[PDB]
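Heads up: the structure comes next, in structure tokens.
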Amino acid sequence: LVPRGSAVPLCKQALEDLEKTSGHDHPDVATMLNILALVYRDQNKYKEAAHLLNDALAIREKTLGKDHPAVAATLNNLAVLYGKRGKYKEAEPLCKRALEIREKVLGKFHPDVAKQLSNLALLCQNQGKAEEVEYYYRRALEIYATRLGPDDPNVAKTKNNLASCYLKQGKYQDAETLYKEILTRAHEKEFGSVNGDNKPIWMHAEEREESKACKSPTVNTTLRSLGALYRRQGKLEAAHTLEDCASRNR
Amino acid sequence: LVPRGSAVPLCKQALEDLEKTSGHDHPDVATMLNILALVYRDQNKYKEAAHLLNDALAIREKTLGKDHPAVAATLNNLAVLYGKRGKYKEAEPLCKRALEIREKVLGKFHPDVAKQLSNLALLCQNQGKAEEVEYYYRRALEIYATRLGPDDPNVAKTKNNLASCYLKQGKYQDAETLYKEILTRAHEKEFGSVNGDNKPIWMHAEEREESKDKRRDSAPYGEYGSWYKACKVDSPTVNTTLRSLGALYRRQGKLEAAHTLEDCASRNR
């Protein structure tokens, strides 16, 4: 988006000018390093981009101090850049610290914390640290499900995410229950209090195995995923029920 | 990716400093404006970013010439900005102009031209002009199917996009053929020559519709390991193609054939 030619050296002038005018100490030096970091990211120079954010990080820690919101953003951005190079180990602590700042500022249960927890879950997943992924998605789900309505997309999205983590660990039961929660709640979004005369799709699926309700891209995924668990259990007719529901709502 | 405050003033100073030195019509001024455009884009300020990139474009046309590859790069960037605000109407001319240059410099049948053609189609698709979309994708597909191999990803991807365009027009037959090409090629890449004992999945599918076979993937057809053999074809694109074609069978009321491809896709999941 910015042709690789004169941009970097032009910024390096702007920096030397800022250092001479605003003082060597000035907080704005951090912002200039930030613009430099941005230019490097645009040229896909990720290693170079990360190096400069670090320098801006140190300046913001001195000026704006620890626990300052702008330090939290920096730590996230640097964690992202580290992730793009596959350096997940060194990204985790940066991300874990940002979470601690965010908890101090907003409180343990603000929606923006649940964002960090999901970001933090995703990094661990890239390191194969399943037990921690489990932990972080559970923390996030706790916030989403409590703070927001049952119909909120973050709930189902986190539940799917956690389900996959459960699958990785061989916790098939826990995943299956999660999937059923999503479908049951979606069934109850127009078909009332799910009485005997009114069962959710997965019940019909399983009762069909011992021998209409297809009225969202997230639900679709849930349907196909629970379908895969039935396939693992050898309940192929139950699997088709959910699968045919998905492929008809596309 | 950059602190919400004070970034813009700092760039504008860097700009005015260059402006003071070398007028407004210097390539360095253009680049600095582009950096400023990049800053605005980081703050989701597309209106503000596109405004400046226009300014940079004007300088780059005057200084570098109206056919310079940097001019071509800017035109794309500026179009991306317009598309992001949903101003697709004003994006098209710039994208067209970028294509004209690309062809002039690289040659009509360069892979990068096909990429540029693909973007032109997507822009037309945002305007609901199916006949333009059709033409651009066909042009693109032509560059991919020729200059690249038979199982190069862009071929499968471009075919799907063109098939999607056909569907919207009601060209159900033309869509279907494309899917069958994708599956047949995928089948031949895995199994070589088609041997009659080596028919593609969709053939078997339509044969099951013929033979009135409601027995699904609960039992294998003719061959013991048939379901695990026909699933050696594994791609996110193939699966998409499998389902899209299944949807076409459903439109024709061929429910059994639809299931065959859909159940095949379930097993690849």
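All residue names refer to the structure tokens as shown: chains lettered A, B, ... in order, residues numbered from 1 in each chain, ligands numbered from 1 in order.
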Checklist entry - Could you name the residues that touch region 45-49 of chain A at 10 Å or less, counting only C-alpha atoms, but leaving out those on the same chain fewer than 2 positions away, as a list in words? => result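 What passes the distance filter is residues 33, 34, 35, 36, 37, 38, 39, 40, 41, 42, 43, 51, 52, 53, 54, 78, 80, 81, 82, 83, 84 and 85 of chain A.
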Next on the checklist: I need the chain B residues near chain A as a ChimeraX atom specification; criterion: at most 10 Å, counting only C-alpha atoms.
Outcome noted: /B:1-8,10-11,13-15,17-18,27-39,42,70,73-74,76-78,80,216-218,243-244,246-247,250,258-259,262-263,266-267,269
Next on the checklist: Excluding residue 181 (chain B) and its own-chain neighbours fewer than 6 positions away, which residues fall within 10 Å of it when counting only C-alpha atoms? Please give them as a PyMOL selection string.
Outcome noted: chain B and resi 156+159+187
Could you dump the residues just selected with C-alpha atoms as a PDB file, in the first residue's frame?
ATOM      1  CA  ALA B 156     -10.407 -24.144  -9.240  1.00  0.00           C
ATOM      2  CA  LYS B 159     -14.097 -21.566 -11.883  1.00  0.00           C
ATOM      3  CA  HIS B 187     -10.438 -37.275  -9.558  1.00  0.00           C
TER       4      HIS B 187
END
Checklist entry - Nearest to residue 93 (chain A) among A:128, A:201, A:60, A:120, with distances taken over only C-alpha atoms: which residue is it? => result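 The shortest atom-to-atom distance to residue 93 (chain A) comes from A:120.
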Checklist entry - Which residues, written as a PyMOL selection string, have at least one atom at most 10 Å from residue 208 (chain B), with only C-alpha atoms counted and residues fewer than 6 positions away on the same chain left out? => result chain B and resi 202+214-216+221+254+256-257+260
Can you spit out the residues from that selection as a PDB file, in the first residue's frame, using N, CA, C and O atoms?
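And here's result38.pdb as it stands now:
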ATOM      1  N   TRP B 202     -19.417 -37.601  -9.096  1.00  0.00           N
ATOM      2  CA  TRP B 202     -20.685 -37.078  -9.594  1.00  0.00           C
ATOM      3  C   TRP B 202     -21.376 -38.009 -10.588  1.00  0.00           C
ATOM      4  O   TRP B 202     -22.605 -37.990 -10.711  1.00  0.00           O
ATOM      5  N   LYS B 214     -31.916 -45.284  -2.325  1.00  0.00           N
ATOM      6  CA  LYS B 214     -32.099 -44.508  -1.090  1.00  0.00           C
ATOM      7  C   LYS B 214     -31.083 -44.898  -0.014  1.00  0.00           C
ATOM      8  O   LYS B 214     -30.825 -44.126   0.915  1.00  0.00           O
ATOM      9  N   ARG B 215     -30.531 -46.107  -0.143  1.00  0.00           N
ATOM     10  CA  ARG B 215     -29.427 -46.577   0.694  1.00  0.00           C
ATOM     11  C   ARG B 215     -28.223 -45.672   0.442  1.00  0.00           C
ATOM     12  O   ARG B 215     -27.708 -45.596  -0.678  1.00  0.00           O
ATOM     13  N   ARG B 216     -27.793 -44.982   1.493  1.00  0.00           N
ATOM     14  CA  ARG B 216     -26.937 -43.804   1.361  1.00  0.00           C
ATOM     15  C   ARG B 216     -25.448 -44.150   1.471  1.00  0.00           C
ATOM     16  O   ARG B 216     -24.938 -44.962   0.694  1.00  0.00           O
ATOM     17  N   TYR B 221     -21.161 -48.780  -2.341  1.00  0.00           N
ATOM     18  CA  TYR B 221     -21.727 -49.157  -3.638  1.00  0.00           C
ATOM     19  C   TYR B 221     -20.724 -49.924  -4.497  1.00  0.00           C
ATOM     20  O   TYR B 221     -19.702 -49.373  -4.920  1.00  0.00           O
ATOM     21  N   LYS B 254     -32.974 -33.988  -7.730  1.00  0.00           N
ATOM     22  CA  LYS B 254     -32.187 -35.213  -7.639  1.00  0.00           C
ATOM     23  C   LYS B 254     -31.576 -35.325  -6.245  1.00  0.00           C
ATOM     24  O   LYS B 254     -30.375 -35.131  -6.057  1.00  0.00           O
ATOM     25  N   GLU B 256     -31.060 -37.897  -4.124  1.00  0.00           N
ATOM     26  CA  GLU B 256     -30.091 -38.976  -3.900  1.00  0.00           C
ATOM     27  C   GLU B 256     -28.682 -38.619  -4.376  1.00  0.00           C
ATOM     28  O   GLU B 256     -27.703 -38.906  -3.684  1.00  0.00           O
ATOM     29  N   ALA B 257     -28.593 -37.995  -5.552  1.00  0.00           N
ATOM     30  CA  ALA B 257     -27.314 -37.543  -6.105  1.00  0.00           C
ATOM     31  C   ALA B 257     -26.712 -36.445  -5.242  1.00  0.00           C
ATOM     32  O   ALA B 257     -25.506 -36.434  -4.991  1.00  0.00           O
ATOM     33  N   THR B 260     -25.126 -37.931  -2.145  1.00  0.00           N
ATOM     34  CA  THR B 260     -23.884 -38.624  -2.463  1.00  0.00           C
ATOM     35  C   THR B 260     -22.672 -37.702  -2.350  1.00  0.00           C
ATOM     36  O   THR B 260     -21.672 -38.062  -1.728  1.00  0.00           O
TER      37      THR B 260
END
Checklist entry - Near residue 219 (chain A), within 8 Å and counting only C-alpha atoms, which residues show up once chain neighbours fewer than 4 positions away are dropped, as a list in words? => result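 In the requested format, the answer is residues 156, 182, 183, 186 and 223 of chain A.
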Requested write-out: N, CA, C and O atoms of the selected residues, as a PDB file, in the first residue's frame:
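This is the output file out21.pdb:
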ATOM      1  N   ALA A 156     -22.021 -18.439  21.210  1.00  0.00           N
ATOM      2  CA  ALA A 156     -21.931 -19.607  20.342  1.00  0.00           C
ATOM      3  C   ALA A 156     -20.526 -19.777  19.750  1.00  0.00           C
ATOM      4  O   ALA A 156     -20.017 -20.903  19.662  1.00  0.00           O
ATOM      5  N   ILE A 182     -25.938 -24.922  22.193  1.00  0.00           N
ATOM      6  CA  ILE A 182     -26.094 -23.969  21.095  1.00  0.00           C
ATOM      7  C   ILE A 182     -27.371 -24.231  20.295  1.00  0.00           C
ATOM      8  O   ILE A 182     -28.142 -23.309  20.027  1.00  0.00           O
ATOM      9  N   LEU A 183     -27.595 -25.491  19.936  1.00  0.00           N
ATOM     10  CA  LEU A 183     -28.748 -25.873  19.124  1.00  0.00           C
ATOM     11  C   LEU A 183     -30.060 -25.730  19.873  1.00  0.00           C
ATOM     12  O   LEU A 183     -31.053 -25.267  19.310  1.00  0.00           O
ATOM     13  N   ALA A 186     -30.894 -22.108  20.110  1.00  0.00           N
ATOM     14  CA  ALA A 186     -31.340 -21.638  18.800  1.00  0.00           C
ATOM     15  C   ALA A 186     -32.748 -22.133  18.466  1.00  0.00           C
ATOM     16  O   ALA A 186     -33.508 -21.448  17.774  1.00  0.00           O
ATOM     17  N   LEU A 223     -23.993 -27.658  13.711  1.00  0.00           N
ATOM     18  CA  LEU A 223     -24.704 -28.800  13.148  1.00  0.00           C
ATOM     19  C   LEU A 223     -23.750 -29.817  12.525  1.00  0.00           C
ATOM     20  O   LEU A 223     -23.866 -31.023  12.764  1.00  0.00           O
TER      21      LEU A 223
END
Checklist entry - Which of these, A:102, A:110, A:232, A:185, has the shortest distance to residue 148 (chain A) once you count only C-alpha atoms? => result A:110
